[PDB]
Structures are given as structure tokens and as C-alpha cells.
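There are 2 protein chains.
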Amino acid sequence: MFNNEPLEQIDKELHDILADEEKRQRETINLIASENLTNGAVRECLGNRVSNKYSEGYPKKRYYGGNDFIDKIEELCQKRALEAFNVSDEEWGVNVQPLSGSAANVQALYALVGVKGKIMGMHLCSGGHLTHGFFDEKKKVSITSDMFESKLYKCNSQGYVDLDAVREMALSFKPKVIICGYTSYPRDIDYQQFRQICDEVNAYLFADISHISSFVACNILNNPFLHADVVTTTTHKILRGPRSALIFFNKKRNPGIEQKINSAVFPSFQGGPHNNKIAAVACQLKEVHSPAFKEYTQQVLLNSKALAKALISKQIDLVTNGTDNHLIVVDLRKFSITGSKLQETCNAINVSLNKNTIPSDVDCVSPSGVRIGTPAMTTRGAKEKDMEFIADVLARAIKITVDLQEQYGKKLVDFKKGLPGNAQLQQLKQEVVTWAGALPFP
Amino acid sequence: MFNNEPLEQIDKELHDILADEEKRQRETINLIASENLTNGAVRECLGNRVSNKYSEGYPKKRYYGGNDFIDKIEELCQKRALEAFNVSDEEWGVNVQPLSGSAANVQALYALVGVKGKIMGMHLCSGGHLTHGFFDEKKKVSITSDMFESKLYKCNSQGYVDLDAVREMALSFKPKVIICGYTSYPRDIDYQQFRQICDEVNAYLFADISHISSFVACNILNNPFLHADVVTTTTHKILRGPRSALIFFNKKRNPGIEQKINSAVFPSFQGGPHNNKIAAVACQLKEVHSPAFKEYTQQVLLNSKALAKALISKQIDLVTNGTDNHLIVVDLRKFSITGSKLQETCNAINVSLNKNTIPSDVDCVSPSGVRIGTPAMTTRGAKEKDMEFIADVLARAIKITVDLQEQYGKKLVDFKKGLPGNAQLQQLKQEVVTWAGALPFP
Ligand SMILES: Cc1[nH]nc2c1[C@](c1cc(-c3ccccc3F)cc(C(F)(F)F)c1)(C(C)C)C(C#N)=C(N)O2
Ligand SMILES: Cc1[nH]nc2c1[C@](c1cc(-c3ccccc3F)cc(C(F)(F)F)c1)(C(C)C)C(C#N)=C(N)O2
Ligand SMILES: Cc1ncc(COP(=O)(O)O)c(CNCC(=O)O)c1O
Ligand SMILES: Cc1ncc(COP(=O)(O)O)c(CNCC(=O)O)c1O
Ligand SMILES: [Cl-]
Numbered sequence: 001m002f003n004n005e006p007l008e009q010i011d012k013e014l015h016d017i018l019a020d021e022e023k024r025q026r027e028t029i030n031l032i033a034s035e036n037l038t039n040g041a042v043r044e045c046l047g048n049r050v051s052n053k054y055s056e057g058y059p060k061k062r063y064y065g066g067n068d069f070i071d072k073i074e075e076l077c078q079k080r081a082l083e084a085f086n087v088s089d090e091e092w093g094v095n096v097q098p099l100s101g102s103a104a105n106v107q108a109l110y111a112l113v114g115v116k117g118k119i120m121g122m123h124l125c126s127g128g129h130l131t132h133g134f135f136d137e138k139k140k141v142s143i144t145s146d147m148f149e150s151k152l153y154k155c156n157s158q159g160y161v162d163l164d165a166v167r168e169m170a171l172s173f174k175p176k177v178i179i180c181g182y183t184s185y186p187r188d189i190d191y192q193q194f195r196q197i198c199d200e201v202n203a204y205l206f207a208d209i210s211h212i213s214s215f216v217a218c219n220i221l222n223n224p225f226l227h228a229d230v231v232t233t234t235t236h237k238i239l240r241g242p243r244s245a246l247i248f249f250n251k252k253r254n255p256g257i258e259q260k261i262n263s264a265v266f267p268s269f270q271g272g273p274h275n276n277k278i279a280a281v282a283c284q285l286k287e288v289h290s291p292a293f294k295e296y297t298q299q300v301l302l303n304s305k306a307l308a309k310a311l312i313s314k315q316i317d318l319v320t321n322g323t324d325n326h327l328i329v330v331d332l333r334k335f336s337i338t339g340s341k342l343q344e345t346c347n348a349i350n351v352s353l354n355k356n357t358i359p360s361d362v363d364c365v366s367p368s369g370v371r372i373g374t375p376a377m378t379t380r381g382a383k384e385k386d387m388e389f390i391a392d393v394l395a396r397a398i399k400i401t402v403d404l405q406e407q408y409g410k411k412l413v414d415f416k417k418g419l420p421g422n423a424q425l426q427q428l429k430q431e432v433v434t435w436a437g438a439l440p441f442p
Numbered sequence: 001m002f003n004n005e006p007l008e009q010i011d012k013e014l015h016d017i018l019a020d021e022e023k024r025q026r027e028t029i030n031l032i033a034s035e036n037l038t039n040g041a042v043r044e045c046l047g048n049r050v051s052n053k054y055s056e057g058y059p060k061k062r063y064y065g066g067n068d069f070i071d072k073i074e075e076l077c078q079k080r081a082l083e084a085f086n087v088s089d090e091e092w093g094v095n096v097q098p099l100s101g102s103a104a105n106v107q108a109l110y111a112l113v114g115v116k117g118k119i120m121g122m123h124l125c126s127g128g129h130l131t132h133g134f135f136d137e138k139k140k141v142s143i144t145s146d147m148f149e150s151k152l153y154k155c156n157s158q159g160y161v162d163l164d165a166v167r168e169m170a171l172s173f174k175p176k177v178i179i180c181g182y183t184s185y186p187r188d189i190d191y192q193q194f195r196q197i198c199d200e201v202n203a204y205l206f207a208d209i210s211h212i213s214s215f216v217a218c219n220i221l222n223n224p225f226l227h228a229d230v231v232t233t234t235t236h237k238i239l240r241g242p243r244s245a246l247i248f249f250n251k252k253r254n255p256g257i258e259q260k261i262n263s264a265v266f267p268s269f270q271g272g273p274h275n276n277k278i279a280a281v282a283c284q285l286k287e288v289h290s291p292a293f294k295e296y297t298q299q300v301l302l303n304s305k306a307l308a309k310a311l312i313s314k315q316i317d318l319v320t321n322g323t324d325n326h327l328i329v330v331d332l333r334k335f336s337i338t339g340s341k342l343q344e345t346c347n348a349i350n351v352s353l354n355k356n357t358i359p360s361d362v363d364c365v366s367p368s369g370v371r372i373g374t375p376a377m378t379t380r381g382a383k384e385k386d387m388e389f390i391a392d393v394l395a396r397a398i399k400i401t402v403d404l405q406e407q408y409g410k411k412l413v414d415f416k417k418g419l420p421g422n423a424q425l426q427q428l429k430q431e432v433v434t435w436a437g438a439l440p441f442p
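The listed protein sequences derive, respectively, from chains A and B.
For what it's worth, the entry's author numbering labels the leading residue of the first sequence as 1, then goes sequentially.
For what it's worth, the entry's author numbering labels the leading residue of the second sequence as 1, then goes sequentially.
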């Protein structure tokens, strides 16, 4: 007693928009540092009937029976995760149930410190995530600042994490957890120094590596598994999996931590797991542990270095003057245009990027930067040579943005009016669409 | 620079288990009250490239651009939802971002009351959910009992919600929210009476209708939208959607609730939405609002009544002696077997059900019932005639369970030893597999 007609016959209205969405993705230069494109096999898992099953609990500790095949998939996923991140299952545990990055960080934080617990994290404005304790004078913006007591550490004026400030804060604040790994940080992290600071105050070390996870797995960047008690990551960014999260815990360092984490994910926060997510994650973790994926990750870094170097050749300033990873943050102060203005301009030319704060910024309204990344475009086959064109397109959009601002003024409402119909933008979009439309698309 | 091989070529190990899972689903008599089977169209959405997109924020208020088509899908979803639940978009608002039911409840609860906030809900043992404030002497099991202050109200000895007790509790406890709508409750709810109690104490009315959402939408059962401040529901159960949740808020009763609820989902708890989820939900919400789906829902109730009646003709006791909905809870005390033993017996015969508490039960360990539901089997085309056979199968499983307990003893370890190779079970399973295997499968 069901309708088995395909999506196109069943809901033509919805199917058009999805096909529209498909066309926009394939015709866009996607520089969102956190975005990627999943392969058909990962999308087959996400559409699988495994999502039908309710399997509250953990493998071999299910509330319900009929979970034999589900248990194999959840165990296959945990093995592949520990393998991919070069950790021993005797020494490290992992939870595959968190639905997304934010849920996983909140669940993990709760496990470690509990309600009213004290946490330290990097500020959103300096490159931290919302789930790292972010609040504002006006509001406790994140649950992580409301169900926990949070202190926030700023990066220095050159955009690097300033450890002296971190230690100064840890000794005075005395938190139970200190979080590192960030949302818009273009450089590598000194985990060892974090581990040294955490010990002095007897606090846990929490590394959130969602943005750089692939780098850590393939040993191109510093390894937080050597020093951290907990490691969290999403699977949908540089890792190129579905939208999900992973929580790693150091049993050797903290016995009895497995129970706290596992009980935090369920039943403290979540109910039934999403089995299609888990199947999809397993599928990508196998790809992650192949010499080919290491190649791709290497390619992402090469493209990022080349992109940075080309932007600098065109007189564009980058925060910290470059990158050790997949992402770059452009300081736009010399051009006197805001990041929101450039983002608007870039949408008009089918270039996806995001406005981003810089060290000088005092407000999340009017940020002075944009953040770009290479993983999506690297997934689409762009090589080092292709980055000069991306940099050229961005330089042209900056100039166009300056021209329009000269013509209509700094008020964002007035600036947007200049955008529709602009000859140069229509031309620029056209070149963007023609090059973007050509590239391999999973 | 990606691998486009199909799932079978790319991951044969994973692909076999999924086909295994598929075959077990198709060969099982699925009586899990919270389970259903999604159509190909809903799974096409789940596998869609829309999940590649990051769209933090809300429609027309996105952090990033390139969200034109994503915005159409989110607005189309909220529109379709409000229509389905027969509410005016002027009077009610809905949030479509929550990843699952538990997340949605925690988010909604936080919006209304905040940290340390006072809430009241039905106890887990009486048919309430974990997200309704569940705690135990040994620990605060749900975040809802830890981040909030919760009081729990029990049903009476006949299995009915006892309003006198709720009022007694509300006036004494003075919570900001009172929750109704349950995980294992076989009868309808008097929302009006709840609305009265809440007014007496100035508390919000929260209805969780995930198990009965279809009955509320198609108007076979009482409408909580008439009385509640908030309605929450999952989309993966009777509604037949993907795994996701919806949060409804009454704007007329509480202006400025829209912002409180919306900010709670993001950026308080979650980050990026899962667009494939939202797309999937829109697709099912269209089906919900068709006269055909009302027929299916009607059929779920016909099947449930018939099943209760057939169980009773076989001398099996039901909590509240019947049902007003899709679910039944069987009291097993007269047979001196526990729910866990019957669940084990039922997995051996490919009958999916879950152990459940009954009013007499003091502790969650060793519960004296099993909960069954008709939505999955109704989805597979089972009519009222087919229920006598299901009831017959369950009667045989109870008898066999009693015989095995006689042979091997009441200890769970000892009882399970009798299970493998049992001639009657092999026979019952084969009978089960033959009938189940034949039914339509989406
Ligand atoms: C959307 C998002 N999610 N997690 C994040 C952001 C960022 C961000 C967040 C916010 C923000 C502020 C208050 C409340 C909610 C918010 F999302 C404002 C801005 C800004 F300034 F550019 F408008 C940027 C950015 C990557 C998009 C951000 C940055 N920078 C950081 N570090 O982490
Ligand atoms: C798994 C689940 N999720 N939400 C639920 C349950 C139930 C349940 C929950 C628990 C439970 C207890 C402590 C901690 C975590 C738990 F999941 C124990 C039992 C039981 F009785 F079978 F042991 C049953 C049931 C539908 C499966 C339950 C019931 N009854 C209720 N009302 O809501
Ligand atoms: C370090 C980090 N942690 C957690 C999250 C949360 O992931 P979910 O959105 O799946 O909840 C993000 C997302 N960062 C947003 C971006 O970089 O674009 C992140 O950058
Ligand atoms: C009333 C109610 N609310 C929330 C949930 C949880 O939704 P998620 O599992 O998607 O978090 C359930 C599922 N209860 C388990 C069952 O009935 O089988 C429920 O019955
Ligand atoms: Cl999903």
C-alpha cells in the first residue's frame, strides 16, 4: 500500500529544483573550504534501506534484535576509522553514531566535563567553531557556552594562535577541557604545546580536526592522536564522506572514557542511529585508506599553496601570509571592500566562497575577509596550473566589487543594486560556467 | 580526481551486508511500532547531491550564497508540512532543520525553558521518551534530566495517563513545560485537559506526536494543534518519511517563539542542515497530504484493532485492554515469561518486536511486555484478514518460549541455549519467511 513511482513522476516540482541544484553545482567554482563532492557509491549508501532500521544502543548491546547486519556495518565502520587515522583499537576507541559535527562536539564535551563544566576554545572571530564555547555580550550564542562555562582565546594580530595567551588563560581560568582544531585556521597546530598546557592545569586535550582530517590521516600534517585525549571530526569536508561525525577517545590515557563518550552519544543526546550515514561513512573510510586518496589530499595541499602564491603575485594579502593546509583567508582591507560585498559579487559569477572575519575585525557584522579552499575543486580535477585562473577570477571580482562600490556606495543595500545586469559580471560568469561546466563531476 | 565505480565494484564487502540486510527486511514480519519502509522516491532524495551544500542559517538568511535552490527546497518543505498538519502559516511556524527526534525535542525544550529550566514528562517505564526528562536513581540518563530539572509522572495501574496525578505534580513542581505524546502509549491523548493543567500553573504545552503523526495529520485522532504551544514529530515512523524531525510552534499564543525555536536549532545546537533530509521530507510531506495516504493511515488503525482483537481471542492480555492507535503493548505476566525471552524467540522466527515495560514493572531490566505496531506491515499490504495469522504466530512464539523456559530455565543465558536448531522455531521461521517474502516491498 505504497507509491513506487520515481521521484520525477511522483514529485515533478521537487525534481526540477534538484536538477537545478545539480546544474548550479557543476557550473560553479566552489571555493567553500568545508564543501566537497561525494561519489556515487557514498550516495548509494545514503539512499540505502538500511536507514529503515531502528538500532538504539551499540553493537551486541542493541535494544532490539534483527540488528545482525547493522552490527557488522557499525563494527566495520569503527575498524576502518581507527585504521584510517592510524590508531590501535586497543589504545583508541571511536563512536560512529553522531549525526553531525556540532552534535558530536557537544556530546563529547558533555562526556568530559558535564553540565556547568569549564571549557576553553578558540573564538569564532579568530577561527574557532561555534561548538567551541562561542558566546557574545548580547547572548550565549552556542549551547557550548550555556551548558558549559566557556572562555575564549584570541589569535594574535598576524593571525596565529598565541600560546602564551592560552597558558595565561588556562592557569587563571582552570578549565577541565581545552579545544584546538578550528573552522577557519590556515596553519598547522602545535598539539604538543597544547598537551603541555593541559597538563599544567590538569585539563583534557580536545582536537577538532574536521577541516584538516584528511591531512592528519595521511600524515602530511601534525598528528593530534599522539597528544590528545579526544579527537573529533566531520566526514563531509576534506574527508569527502557523508554528513556525519566521528568521536575518537584515548583509552590508554583515560580508562573508563569509552563509557562516558558512548553514553553521551546515546542515550544522553541522540536516539536511534542513522544507519545510512554509517554505511556511507564506512564506504568512504575505505577510500580514505588507499594510496590514491593520499595522492588526492596531497593535490589539495599543492593547489592551496599554488592558489596562495598566485593571489600574492596579484598583490592580495592572506592571513598569516599563506597556508599550511587546504584553506586560505584573504584580508580585503587594502581594497576597502567588505567580505559580504565580495561574496555577493562572487555569487553573481558562480564562485562560491564565504565572508570571514580577520584578526583586526571587532564584529561578525562587516567582516573584512573571505575564506577559500581547494578540496571541492581538487575533487573536480583542477591542478596547480588551474589556480592562476582561479586567482585571476577572484582578482577581477575584487576589482569589479571596488568599481560597483565606487558607483553605488558602501551601504550593502545600495551596492547590491549595481549587481544585476552588470556586463562584466555576465561576462565573468560566462567564463566561470564554461570552465566549471567542463570539469569532471561525480 | 575521484573514484566513480559503483558501490558493488568499489566496496564488495559492504555491499554484500546491505543486500543481506535488504533480504532480511523483505523476509521479516516487522512489528516495530516505530519502523516503516520508505519509497524509492524518498531514497532518491536521500542519495541526492543536495547534501553537498552547506547552508547554515535559514531561507533568505543564509550565511553563504549559492543557496537559491536550497532555499526553494526548505520553504517548500515548511509549506508542505504546515498544510499536512492543517495549520495556517500565519498562526503556526515550523522548523525543518532538526536531524532527528531526540535533537528536535532537546532543541525545543531549550528554546522554551533554557538551562536549569523545569520540565515535566511521562516516565520511560510508563511509555514516555528518553527526551522527556528521563532519569534514574543511578544516573541522569537523558540530557533532558541533566540540562533541565525534570519531574516524571507515571500512568495508573491500568496503563492510562492519570491526570489527577499530573495536576498534583504540576501545582507542586511548577514546571515551565509539560510534555505529552509518548513512545509506547496505546491510547489517544486528552490535549485539552493538558492545556487546562498548563494554564493553571502557567506552563507551556508540548506535544510529541512522532508515533501518531499520521493520525493527527489525517484527523483520525485528537488534534494537539488546537491546544499545544509546541508540537514535535519525527518523520521516519508512521509518517513514512526519512529519519528527521519537525518542530511546530504556535505564534498566536506566544509571539516571539519563532526566533527562540529557530535560534535553538541553529546556531545553539546544530550547524549545517542536511539538505538531502529536507528534500526527502518535502517529498513525503506531499504524499502525506493526499487522500490515498489517509486511506493507508486508516488501514494502520484497522489492522491494529483487528490485531488486538485477535490477540485477545487467544487469551493474550493487552495494556489498557486494547488500542486507539497503531500500537499495542502485550502484558506477559500470566505466562511467566519476560519480554526479553519473547524478543529473542521472535528474532529466531524473523519477527521483529521490542521488549517493553508495563505498569506493574518496577525496573527497566526484566520488563514484562512486548510492544507491537502495524505501520510497517500495513505498508507491505497486510489487511485485517492477515492479522489473525500474525496473532497466531505470536501465540506460538509465546508457547515455544514457555516450553524453552521450562526446558532450560529462567536465566537469560540458560534460556538462549535452547534456541538454536529448535525444530519448532525452524518451522515457524520458514512459515514466517514464506509469508513475509511474498508481500509487496518498496
Ligand atoms: C557560519 C559559521 N559556522 N561556523 C563558523 C562560521 C563562520 C561565521 C559565523 C558567524 C556567526 C556569528 C554569530 C552567530 C552565528 C554565526 F554563524 C558569522 C560569520 C561572519 F562574520 F562572517 F558573518 C562567520 C564562517 C565560517 C561562516 C566562522 C567565521 N568566521 C567561523 N569561525 O565558524
Ligand atoms: C529504546 C527506547 N527508546 N525510547 C524508549 C525506549 C524503550 C525502552 C528504553 C529502555 C532504556 C532504559 C535505560 C536507558 C536506555 C534505554 F533505552 C529500556 C527498555 C526496556 F524496558 F525494554 F528495557 C525500553 C522501548 C520502546 C525500547 C521504552 C520503553 N519501554 C520507552 N518508553 O522509550
Ligand atoms: C572545526 C569544526 N567543527 C565542527 C563543525 C560542525 O559541523 P556540522 O556543520 O556538521 O555540525 C564545523 C563546521 N564548519 C562550517 C564551515 O567550515 O563551513 C567545523 O569547522
Ligand atoms: C515520542 C518519541 N520522540 C522521539 C523519539 C526519538 O527520535 P530519534 O530516535 O529519531 O531521536 C522516539 C523514538 N522511540 C523509539 C521507538 O519508538 O522505537 C519517540 O517515540
Ligand atoms: Cl542522511
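Built from N, CA and C at the ideal position, the CB exists for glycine as well.
Any non-hydrogen atom of ligand 4 within 6 Å of residue i CB
| i | result |
| --- | --- |
| A/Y54 | yes |
| A/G271 | yes |
| B/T234 | yes |
| A/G47 | no |
Nearest-angstrom Cβ-Cβ length linking residue i and residue j, presumed shorter than 8 Å
| i | j | result |
| --- | --- | --- |
| A/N325 | A/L301 | 7 Å |
| A/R243 | A/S100 | 6 Å |
| B/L428 | B/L419 | In fact, because the Cβ distance is near 12 Å, the residues do not count as touching under 8 Å. |
| B/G121 | B/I179 | 4 Å |
| B/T338 | B/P367 | 7 Å |
| A/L439 | A/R380 | 4 Å |
| A/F85 | A/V216 | 7 Å |
Three-state secondary structure (DSSP) of residue i
| i | result |
| --- | --- |
| A/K79 | helix |
| residue 498 of chain B | Outside the displayed range of chain B (1 to 442) lies residue 498 of chain B, so it cannot be described from this structure. |
| A/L318 | strand |
| B/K53 | coil |
| B/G114 | coil |
| B/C125 | helix |
| A/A19 | helix |
| A/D229 | coil |
| A/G437 | helix |
| A/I220 | coil |
| B/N347 | helix |
| A/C364 | coil |
| A/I32 | coil |
| A/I328 | strand |
Residue i CB to nearest heavy atom of ligand 2 below 6 Å
| i | result |
| --- | --- |
| A/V161 | no |
beta-carbon residue i near ligand 3 non-hydrogen atom, thresh 6 Å
| i | result |
| --- | --- |
| A/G339 | no |
| residue 451 of chain A | Examination of residue 451 of chain A is not possible in this model, given that chain A is present from 1 through 442 alone. |
Any non-hydrogen atom of ligand 1 closer than 6 Å to residue i Cβ
| i | result |
| --- | --- |
| A/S184 | yes |
- For the segment 246-256 of chain A and the segment 87-105 of chain A, state whether three or more C-beta atom pairs, one from each stretch, are separated by less than 8 Å. yes
- Could you give the uninterrupted runs of the beta strand (DSSP E) lying entirely in the segment 165-194 of chain B, keeping only those of 3 residues or more? 177-180
- So, do the segment 229-242 of chain A and the segment 135-144 of chain A have three or more beta carbon pairs nearer to each other than 8 Å? no
- Taking one C-beta from the segment 369-386 of chain B and one from the segment 21-35 of chain B each time, how about it: are there three or more such pairs within less than 8 Å? yes
- Item | Meets three-Cβ-pair contact criterion under 8 Å: the segment 285-301 of chain B and the segment 343-354 of chain B | no
- Cβ pair count under 8 Å reaching 3, the segment 47-55 of chain A against the segment 264-275 of chain A: yes
- Message: Assess contact between the segment 43-50 of chain B and the segment 77-90 of chain A, defined as three or more Cβ pairs (one per stretch) separated by less than 8 Å. Is contact present?
- Response: no
- Query: Which ranges would you report for the beta strand (DSSP E) in the segment 222-307 of chain B if only whole runs of at least 3 residues count?
  - Reply: 230-234, 245-250
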